[PDB]
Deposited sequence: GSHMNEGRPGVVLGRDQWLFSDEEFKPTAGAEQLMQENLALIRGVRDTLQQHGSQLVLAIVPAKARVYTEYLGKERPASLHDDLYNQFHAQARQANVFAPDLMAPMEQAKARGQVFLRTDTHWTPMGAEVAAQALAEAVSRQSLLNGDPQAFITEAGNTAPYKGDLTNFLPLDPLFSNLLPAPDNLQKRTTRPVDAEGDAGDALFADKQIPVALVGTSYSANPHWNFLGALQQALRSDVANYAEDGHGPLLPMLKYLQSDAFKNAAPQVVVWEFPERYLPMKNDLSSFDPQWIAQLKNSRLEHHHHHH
């Protein structure tokens, strides 16, 4: 796990660049698992809304440096969407609105892998439009208010992969980060599953979803295990088994599709069920 230098003191995850051995079969395998998850949710009466997060390197190509991503990454976002469609998985396009939103300010942090709070809010709004368009939610709307607090420097997660403290003067300038918190005006109908994009309060993706959906949302995202393991954990949970939500939003950044997931802790019989759900 490493970092790639861009222009103007931008940093990227090399996971958005590196080739992966056996990437084709890994993508196949992950898609079969995603499809099995979709079918499992549907069988419990939950609608899956897959949220494919585009790579920072795809959204900010203008800050690419000398190194460019390998060919695997050229059309990964598009192929993920195409395969999700083949699998009858509902996956609203997040790339077009995030790209539109670059004119307003940064939709990703310069020195960090993650979307900015504004970037996450754009994604939440796109997802909420799609949810409304498909009538996936019923129930009385609940109103939420998001308040913007102070802005302060933020050291990005990628800076720690840089080479050594004798060279601290070479580190890129910290990002700036605006605090944003969401509160209600005053069984949960929506569950959120995903990665640090969803688990980390700094990006306020949960709050942005609550506000955009006009619905309470429960967070089952986790930091540091990729997008699949927290979803499998959720499916095995008492929360899901005893109170399946109307909608599950599954945040799944594109770079994880051709990456291996450690399934060693799961029953192979259950893994088999997921892959063979059709």
Do you know which deposited regions have no coordinates at all? 1-8, 172, 196-208, 301-308
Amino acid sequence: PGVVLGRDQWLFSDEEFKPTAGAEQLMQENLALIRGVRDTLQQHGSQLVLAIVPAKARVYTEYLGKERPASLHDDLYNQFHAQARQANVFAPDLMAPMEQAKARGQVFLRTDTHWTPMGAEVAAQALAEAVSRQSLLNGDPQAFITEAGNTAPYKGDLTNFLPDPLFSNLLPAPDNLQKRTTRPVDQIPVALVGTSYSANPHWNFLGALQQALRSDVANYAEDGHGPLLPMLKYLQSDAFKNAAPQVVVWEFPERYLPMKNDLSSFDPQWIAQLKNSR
From here on, numbers count along this sequence of modelled residues.
Out of 253-261 and 21-29, which stretch has the higher average CA B-factor listed in the record? 21-29
Would you determine, from the values in the PDB entry, which of 240-248 and 221-229 has the greater average C-alpha temperature factor? 240-248
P174, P92, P184, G119, ranked by C-alpha B-factor: the highest one: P184
Quiz for you: based on the deposited Cα B-factor, which of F161, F80, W115, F205 is highest? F161
Using the B-factors in the PDB entry, rank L64's C-alpha atom against the chain and give the third, lowest, middle or highest. highest
CA B-factor placement of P97, once the chain's modelled residues are sorted into thirds: middle
If you rank the chain by CA B-factor, which third does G194 end up in: lowest, middle or highest? lowest
Record-listed C-alpha B factor of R35: chain third: middle
Taking only the Cα B-factors deposited for this chain, tell me whether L170 sits in the lowest, middle or highest third. highest
